[PDB]
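J.: Quick one: this structure, given as C-alpha cells, is what I'll be asking you about.
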Amino acid sequence: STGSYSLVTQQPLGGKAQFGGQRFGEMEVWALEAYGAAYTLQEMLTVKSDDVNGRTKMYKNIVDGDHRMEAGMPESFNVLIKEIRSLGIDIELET
Amino acid sequence: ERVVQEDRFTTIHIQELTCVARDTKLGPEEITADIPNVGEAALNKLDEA
Amino acid sequence: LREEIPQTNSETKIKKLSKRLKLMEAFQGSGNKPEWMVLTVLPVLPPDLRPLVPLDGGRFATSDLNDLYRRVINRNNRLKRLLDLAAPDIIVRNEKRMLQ
Amino acid sequence: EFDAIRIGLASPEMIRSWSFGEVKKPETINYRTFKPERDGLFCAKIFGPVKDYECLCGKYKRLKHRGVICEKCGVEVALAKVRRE
Amino acid sequence: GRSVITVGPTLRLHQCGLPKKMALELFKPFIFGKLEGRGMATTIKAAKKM
Amino acid sequence: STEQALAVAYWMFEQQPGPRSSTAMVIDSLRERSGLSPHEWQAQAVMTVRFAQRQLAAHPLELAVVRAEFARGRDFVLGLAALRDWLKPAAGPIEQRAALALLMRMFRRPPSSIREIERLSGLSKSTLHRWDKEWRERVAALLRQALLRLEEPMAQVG
DNA sequence: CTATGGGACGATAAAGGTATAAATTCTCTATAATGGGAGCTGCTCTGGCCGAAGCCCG
RNA sequence: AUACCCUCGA
DNA sequence: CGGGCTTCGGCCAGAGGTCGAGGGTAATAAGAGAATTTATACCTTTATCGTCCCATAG
C-alpha cells in the first residue's frame, strides 16, 4: 500500500522482502494508452510513485474520503534534468 | 479435502535468521534481554540471556 | 559555404556542404556558440543523485559517479600544482591528456 | 506550469550560474568525524545541509530563518531536500 | 500486489476473486478512512490495531 | 502528552514527509556507528488536528491560541490575527502592526528583538515591555486553560 | 485622579584578546633498482561512414 | 538498500 | 591521359521481451617528527535589550 522508496528516484523498491510494488513498465503503459484511460495512467505514474508532495496529499485525500489527485511533477524527471545538466547541455522551460 | 486431511502434500520448511554483534563505534552491542522499552509478554517469550 | 554550395556538381560534395550549412545555420539560429563544445568548466551532480549508500557493518558503497568525479578532481589538482612549478613540457602534456 | 523544454550547449557562464560553489577537494567524508569536508564532493557550503533546517556547527537550530546563512556557519540553513537541486 | 492465478468458475464476467490479505493490504487507507468516518476508530493507531 | 501530540501533529501537518531520508544523512548515520509509517503518521497528525479543532470549537480564543503556539502558515496567521483582535481590539494600524510583531516575537518568529520592533513601529520601550509582560501572562493563562480542557478528550480518544 | 512618554537602570550576551592543546597536513630516508598486461576470439543484422578502386570521359 | 553473477517460473 | 564519379569493400556503432522469484559477493599498510592551523578554553570590554521609577498630559 505504501512504504519506503528508493533514495535516488522516489519510487517503491521491489520484491517481497523490501515490500515494493510491481512496475507499470513500457508495455503496461502502452496498454493503458491504448485504452482511453489517461487519468488512471497519470495518477499511476504521478501519484502512486515518483512524486513526494503527491503521495502524502493523496493519502490525506483517501483518508478523508475524497479523491482529488493534485498532480504535481514526477521526481524522476527532475533527476533526468539534473543528469542532463551535469552532462554539460542546458535544459530549461518556456514557462 | 482428504488430501489435506490425510496431510499428504504438507511439507516442512526450515528457515534461519541471523544477528551479528558489530563493534559499534560507541561500544560493542551486547546480547542482553533488557531491551530498552521492551514489553513484558515478549520478554516472557524470551529467556534471561 | 552557401556561395560554394552550388559551384560543385558532385553529389557527395554537395551533400557534405549541405550538412555543413545545416550545422552552421543551426548554430546561428539556436543562439549556440561553437566554443561551448569544449567545456572549460564542468558541473558535478548533486550528492543524492550520486549517493554513497553505506553497507551494513559501517562500510560505505561509493557510486561510479563519485569515483569518476574523484578521479577528475585529482587529475585537475595535479595539473594546477604541476603547472605552477613549471614542470617540463612532456609531463605537462601527459597530465593534460590524463585530464581529457 | 511550463512547456517547450529546450536543449542547448552549456555556457561556462551559465555553468557557473547553475553551480552553488567550486568543488576543489577530491575526498568526501573524514574518517574521524562523519561530516562532509570543505570543497568536497558533499560539502555543505556547496550542496546544502545534511539535516533539514540545520547548519554545520548548530549555531542556528531554530526553524525560523530558512534562508539566512550564519556567520560562523556559512552553510545556509535550509531544508534537506535542497541537496538534490 | 501479485499472486498465482486460479480459475473461478462461479464468477461473473465483471468480477474477480481477491484474497483477504491482499485486499486488506491494498485498500488499507480506504479502510482507515471508513473506520474513522464510522467512528469505530478514534486514532489511527487503533485503526491499525483493528 | 497532549502538548507533545499537538506539537507533533502541527509540525507534521505543516511539513510534508520530505523528498527522502537524505543520502548524506543516511550515510553519516549508518557509518557513525515508530509503530506507524510516514504516511500513516501524517494521517494520524491530520486526524489529531481535526479532533483538537472540533473539541476546542466551543472556545474560539483557545483554538486560536493553540494554532498560534503550535501550527504554522495559514493557521498561524489566523491565530495571530485572532490574538490581535482579542488582546488589542481598538489598536491603530501602527499599533496593530506593533502588536502583531510582538506576538510573532513571542512565538520566536522574526523580529527577535524589541529594539527591532521599536525601529519598525516607533513605540517606546516602556509601553512595549509592559504590553509584552501583560500579554505573556494572558496568553499563558489561555494556553493553560486550553490544554486543561483538551487533556481529557486526548486521553479519552487515546 | 489616571494613562503614557521619558528617562534612568542593570544583567547579560556578543566581541575581541589571547594563549593553548589538538590535529592534521608536510617533509625526509642516500647500494641499486632505467618501457605492462589483461586483453576475447561462439552473434547478427543493419546501418552508416570513409576510403580505395574501377569507370566513363572529352 | 547500490551493481554484477547464478538459478528458477510464466 | 588526368579527373570527376560511381561503386564497393573494410571498419565501427547500436540494438536486441517483460514481469517476477530466490540465492551470493561485493575492496588495504612508513615511521619520525616538524610544522602549521584550528578548535578550545578563560577572561575582559562594550553594547543590548529587558526593566522599572518618574513627570506629565488629559
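Naming works like this for the C-alpha cells: A, B, ... for the chains as they're shown, residue 1 at the start of each chain, ligands 1 onward in shown order.
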Can you tell me which residues surround segment 14-28 of chain G at a distance of at most 12 Å, considering only C-alpha atoms (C1' of nucleotides), apart from same-chain residues fewer than 5 positions away, and format the answer as a VMD selection string?

T.: (chain D and resid 30 32) or (chain I and resid 30 to 48)

J.: Near residue 56 of chain G, within 12 Å and counting only C-alpha atoms (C1' of nucleotides), which residues show up once chain neighbours fewer than 5 positions away are dropped, as a list in words?

T.: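 After dropping sequence-adjacent residues, the list is residues 3, 4, 5 and 6 of chain I.
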
J.: How far is it from atom CA of residue 62 of chain A to atom CA of residue 78 of chain A, in Å with one decimal?

T.: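 Between atom CA of residue 62 of chain A and atom CA of residue 78 of chain A the gap works out to 26.5 Å.
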
J.: Using only C-alpha atoms (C1' of nucleotides), find which residues of chain I lie within 9 Å of chain F and jot them down as a VMD selection string.

T.: chain I and resid 48 to 52

J.: Could you tell me which residues of chain D sit within 10 Å of chain A when counting only C-alpha atoms, and give me the result as a PDB file with N, CA and C atoms, in the first residue's frame?

T.:
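This is the output file selection-v5.pdb:
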ATOM      1  N   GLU D   1       2.933  26.301 -14.292  1.00  0.00           N
ATOM      2  CA  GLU D   1       3.030  25.406 -15.439  1.00  0.00           C
ATOM      3  C   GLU D   1       4.239  25.750 -16.300  1.00  0.00           C
ATOM      4  N   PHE D   2       4.468  24.947 -17.334  1.00  0.00           N
ATOM      5  CA  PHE D   2       5.581  25.155 -18.251  1.00  0.00           C
ATOM      6  C   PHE D   2       5.302  24.368 -19.524  1.00  0.00           C
ATOM      7  N   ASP D   3       6.112  24.621 -20.545  1.00  0.00           N
ATOM      8  CA  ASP D   3       6.053  23.870 -21.793  1.00  0.00           C
ATOM      9  C   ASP D   3       7.335  24.143 -22.564  1.00  0.00           C
ATOM     10  N   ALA D   4       7.516  23.402 -23.657  1.00  0.00           N
ATOM     11  CA  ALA D   4       8.611  23.617 -24.602  1.00  0.00           C
ATOM     12  C   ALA D   4       9.971  23.536 -23.902  1.00  0.00           C
ATOM     13  N   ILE D   5      10.274  22.327 -23.424  1.00  0.00           N
ATOM     14  CA  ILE D   5      11.583  22.073 -22.845  1.00  0.00           C
ATOM     15  C   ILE D   5      12.665  22.237 -23.914  1.00  0.00           C
ATOM     16  N   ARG D   6      13.696  23.007 -23.585  1.00  0.00           N
ATOM     17  CA  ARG D   6      14.770  23.331 -24.518  1.00  0.00           C
ATOM     18  C   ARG D   6      15.998  22.473 -24.241  1.00  0.00           C
ATOM     19  N   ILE D   7      16.829  22.332 -25.269  1.00  0.00           N
ATOM     20  CA  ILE D   7      18.136  21.692 -25.166  1.00  0.00           C
ATOM     21  C   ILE D   7      19.149  22.574 -25.876  1.00  0.00           C
ATOM     22  N   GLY D   8      20.285  22.826 -25.225  1.00  0.00           N
ATOM     23  CA  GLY D   8      21.354  23.576 -25.842  1.00  0.00           C
ATOM     24  C   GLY D   8      22.677  23.281 -25.168  1.00  0.00           C
ATOM     25  N   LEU D   9      23.734  23.847 -25.740  1.00  0.00           N
ATOM     26  CA  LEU D   9      25.065  23.728 -25.171  1.00  0.00           C
ATOM     27  C   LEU D   9      25.137  24.521 -23.876  1.00  0.00           C
ATOM     28  N   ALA D  10      25.927  24.027 -22.930  1.00  0.00           N
ATOM     29  CA  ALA D  10      26.073  24.706 -21.654  1.00  0.00           C
ATOM     30  C   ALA D  10      27.223  25.698 -21.721  1.00  0.00           C
ATOM     31  N   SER D  11      26.908  26.973 -21.497  1.00  0.00           N
ATOM     32  CA  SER D  11      27.902  28.028 -21.456  1.00  0.00           C
ATOM     33  C   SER D  11      28.659  27.999 -20.141  1.00  0.00           C
ATOM     34  N   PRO D  12      29.962  28.279 -20.179  1.00  0.00           N
ATOM     35  CA  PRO D  12      30.720  28.383 -18.923  1.00  0.00           C
ATOM     36  C   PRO D  12      30.108  29.375 -17.951  1.00  0.00           C
ATOM     37  N   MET D  14      26.852  30.175 -17.839  1.00  0.00           N
ATOM     38  CA  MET D  14      25.640  29.559 -17.315  1.00  0.00           C
ATOM     39  C   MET D  14      25.965  28.341 -16.461  1.00  0.00           C
ATOM     40  N   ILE D  15      27.095  27.681 -16.717  1.00  0.00           N
ATOM     41  CA  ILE D  15      27.526  26.603 -15.832  1.00  0.00           C
ATOM     42  C   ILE D  15      27.846  27.158 -14.450  1.00  0.00           C
ATOM     43  N   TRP D  18      24.555  27.881 -12.751  1.00  0.00           N
ATOM     44  CA  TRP D  18      23.952  26.674 -12.201  1.00  0.00           C
ATOM     45  C   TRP D  18      24.538  26.325 -10.843  1.00  0.00           C
ATOM     46  N   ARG D  84      19.334  18.021  -3.621  1.00  0.00           N
ATOM     47  CA  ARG D  84      19.023  17.401  -4.902  1.00  0.00           C
ATOM     48  C   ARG D  84      19.058  18.377  -6.067  1.00  0.00           C
ATOM     49  N   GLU D  85      18.847  19.667  -5.816  1.00  0.00           N
ATOM     50  CA  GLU D  85      18.882  20.659  -6.882  1.00  0.00           C
ATOM     51  C   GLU D  85      20.218  21.377  -6.978  1.00  0.00           C
TER      52      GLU D  85
END

J.: Find the residues of chain G that sit at most 12 Å from chain F; for each, write down the nearest two atoms and how far apart they are in Å, to one decimal. Count only C-alpha atoms (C1' of nucleotides). Sort by chain, then by number going up, and give it as JSON lines.

T.:
{"residue": "G:3", "atom": "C1'", "partner": "F:127", "partner_atom": "CA", "distance": 10.8}
{"residue": "G:4", "atom": "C1'", "partner": "F:127", "partner_atom": "CA", "distance": 7.8}
{"residue": "G:5", "atom": "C1'", "partner": "F:124", "partner_atom": "CA", "distance": 7.3}
{"residue": "G:6", "atom": "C1'", "partner": "F:124", "partner_atom": "CA", "distance": 8.9}
{"residue": "G:7", "atom": "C1'", "partner": "F:126", "partner_atom": "CA", "distance": 10.2}
{"residue": "G:8", "atom": "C1'", "partner": "F:126", "partner_atom": "CA", "distance": 11.9}

J.: Using only C-alpha atoms (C1' of nucleotides), I'd like every residue of chain I that has an atom within 12 Å of chain E; please write them out as a ChimeraX atom specification.

T.: /I:19-21

J.: Go ahead and dump the residues you just picked, N, CA and C atoms (P, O5', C5', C4', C3', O3' and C1' of nucleotides), as a PDB file, in the first residue's frame.

T.:
ATOM      1  P    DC I  19      10.110  -5.017 -16.690  1.00  0.00           P
ATOM      2  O5'  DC I  19       9.324  -5.934 -15.643  1.00  0.00           O
ATOM      3  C5'  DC I  19       7.924  -5.784 -15.490  1.00  0.00           C
ATOM      4  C4'  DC I  19       7.310  -7.027 -14.878  1.00  0.00           C
ATOM      5  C3'  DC I  19       7.993  -7.535 -13.631  1.00  0.00           C
ATOM      6  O3'  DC I  19       7.560  -6.795 -12.500  1.00  0.00           O
ATOM      7  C1'  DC I  19       7.458  -9.347 -15.073  1.00  0.00           C
ATOM      8  P    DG I  20       8.424  -6.813 -11.146  1.00  0.00           P
ATOM      9  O5'  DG I  20       9.418  -8.044 -11.349  1.00  0.00           O
ATOM     10  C5'  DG I  20       9.837  -8.805 -10.239  1.00  0.00           C
ATOM     11  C4'  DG I  20       8.805  -9.860  -9.900  1.00  0.00           C
ATOM     12  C3'  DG I  20       9.323 -10.993  -9.031  1.00  0.00           C
ATOM     13  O3'  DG I  20       8.883 -10.791  -7.710  1.00  0.00           O
ATOM     14  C1'  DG I  20       8.574 -11.839 -11.117  1.00  0.00           C
ATOM     15  P    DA I  21       9.894 -10.217  -6.606  1.00  0.00           P
ATOM     16  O5'  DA I  21      10.309 -11.518  -5.795  1.00  0.00           O
ATOM     17  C5'  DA I  21       9.368 -12.557  -5.648  1.00  0.00           C
ATOM     18  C4'  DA I  21      10.015 -13.897  -5.904  1.00  0.00           C
ATOM     19  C3'  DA I  21      11.414 -14.034  -5.366  1.00  0.00           C
ATOM     20  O3'  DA I  21      11.376 -14.264  -3.977  1.00  0.00           O
ATOM     21  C1'  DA I  21      11.251 -15.026  -7.510  1.00  0.00           C
TER      22       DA I  21
END

J.: Taking 2 positions as the minimum chain separation for residues in the same chain, which residues sit within 8 Å of residue 50 of chain A when counting only C-alpha atoms (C1' of nucleotides)? Answer as a PyMOL selection string.

T.: chain A and resi 9-11+45-48+52+74-76

J.: Export, as a short mmCIF file (atom, residue, chain, number, x, y, z; two decimals), in the first residue's frame, the selected residues with N, CA, C and O atoms.

T.:
data_model
loop_
_atom_site.label_atom_id
_atom_site.label_comp_id
_atom_site.auth_asym_id
_atom_site.auth_seq_id
_atom_site.Cartn_x
_atom_site.Cartn_y
_atom_site.Cartn_z
N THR A 9 15.62 7.83 -6.97
CA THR A 9 14.30 8.06 -7.56
C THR A 9 13.26 7.61 -6.54
O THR A 9 13.27 6.46 -6.11
N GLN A 10 12.37 8.52 -6.17
CA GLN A 10 11.41 8.26 -5.10
C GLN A 10 10.33 7.31 -5.61
O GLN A 10 9.15 7.65 -5.73
N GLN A 11 10.74 6.08 -5.89
CA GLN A 11 9.84 5.03 -6.34
C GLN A 11 9.92 3.86 -5.38
O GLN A 11 10.97 3.60 -4.79
N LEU A 45 1.43 6.93 -12.81
CA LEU A 45 2.81 7.34 -13.00
C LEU A 45 3.14 8.64 -12.27
O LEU A 45 4.28 9.09 -12.33
N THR A 46 2.17 9.24 -11.58
CA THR A 46 2.39 10.50 -10.90
C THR A 46 2.16 10.39 -9.40
O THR A 46 3.03 10.73 -8.61
N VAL A 47 1.00 9.89 -8.98
CA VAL A 47 0.64 9.88 -7.57
C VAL A 47 1.13 8.63 -6.84
O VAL A 47 1.70 8.75 -5.75
N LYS A 48 0.93 7.45 -7.41
CA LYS A 48 1.39 6.22 -6.78
C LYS A 48 2.91 6.11 -6.72
O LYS A 48 3.42 5.21 -6.04
N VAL A 52 6.81 13.26 -4.43
CA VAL A 52 6.89 13.36 -2.98
C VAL A 52 5.65 14.06 -2.44
O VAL A 52 4.94 13.51 -1.59
N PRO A 74 6.64 14.40 -11.50
CA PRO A 74 7.45 13.28 -11.02
C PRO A 74 8.89 13.69 -10.72
O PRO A 74 9.46 14.54 -11.40
N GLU A 75 9.46 13.06 -9.70
CA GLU A 75 10.83 13.37 -9.28
C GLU A 75 11.86 12.78 -10.24
O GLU A 75 12.97 13.30 -10.36
N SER A 76 11.51 11.68 -10.92
CA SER A 76 12.44 11.09 -11.87
C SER A 76 12.75 12.02 -13.02
O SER A 76 13.87 12.02 -13.54
#

J.: Rounded to one decimal place, report the atom CA of residue 107 of chain F-atom CA of residue 4 of chain F distance in Å.

T.: 16.4 Å

J.: Pull out every residue of chain H that has at least one atom within 10 Å of chain C, counting only C-alpha atoms (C1' of nucleotides), and report them as a PyMOL selection string.

T.: chain H and resi 1-3

J.: Pull N, CA and C atoms (P, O5', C5', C4', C3', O3' and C1' of nucleotides) from the residues just selected and write them as a PDB file, in the first residue's frame.

T.:
ATOM      1  P     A H   1      18.203   2.074   3.255  1.00  0.00           P
ATOM      2  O5'   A H   1      18.709   2.776   1.917  1.00  0.00           O
ATOM      3  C5'   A H   1      18.103   2.477   0.664  1.00  0.00           C
ATOM      4  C4'   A H   1      18.964   1.553  -0.160  1.00  0.00           C
ATOM      5  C3'   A H   1      18.226   0.776  -1.246  1.00  0.00           C
ATOM      6  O3'   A H   1      19.090   0.571  -2.364  1.00  0.00           O
ATOM      7  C1'   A H   1      19.179  -0.740   0.302  1.00  0.00           C
ATOM      8  P     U H   2      18.515   0.706  -3.858  1.00  0.00           P
ATOM      9  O5'   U H   2      19.803   0.581  -4.787  1.00  0.00           O
ATOM     10  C5'   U H   2      20.444   1.736  -5.310  1.00  0.00           C
ATOM     11  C4'   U H   2      21.844   1.426  -5.775  1.00  0.00           C
ATOM     12  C3'   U H   2      21.983   0.229  -6.704  1.00  0.00           C
ATOM     13  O3'   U H   2      21.713   0.561  -8.055  1.00  0.00           O
ATOM     14  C1'   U H   2      23.607   0.099  -4.984  1.00  0.00           C
ATOM     15  P     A H   3      21.237  -0.570  -9.092  1.00  0.00           P
ATOM     16  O5'   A H   3      22.586  -1.310  -9.504  1.00  0.00           O
ATOM     17  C5'   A H   3      23.607  -0.632 -10.223  1.00  0.00           C
ATOM     18  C4'   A H   3      24.788  -1.536 -10.470  1.00  0.00           C
ATOM     19  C3'   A H   3      24.463  -2.878 -11.110  1.00  0.00           C
ATOM     20  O3'   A H   3      24.373  -2.798 -12.521  1.00  0.00           O
ATOM     21  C1'   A H   3      25.845  -3.219  -9.222  1.00  0.00           C
TER      22        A H   3
END
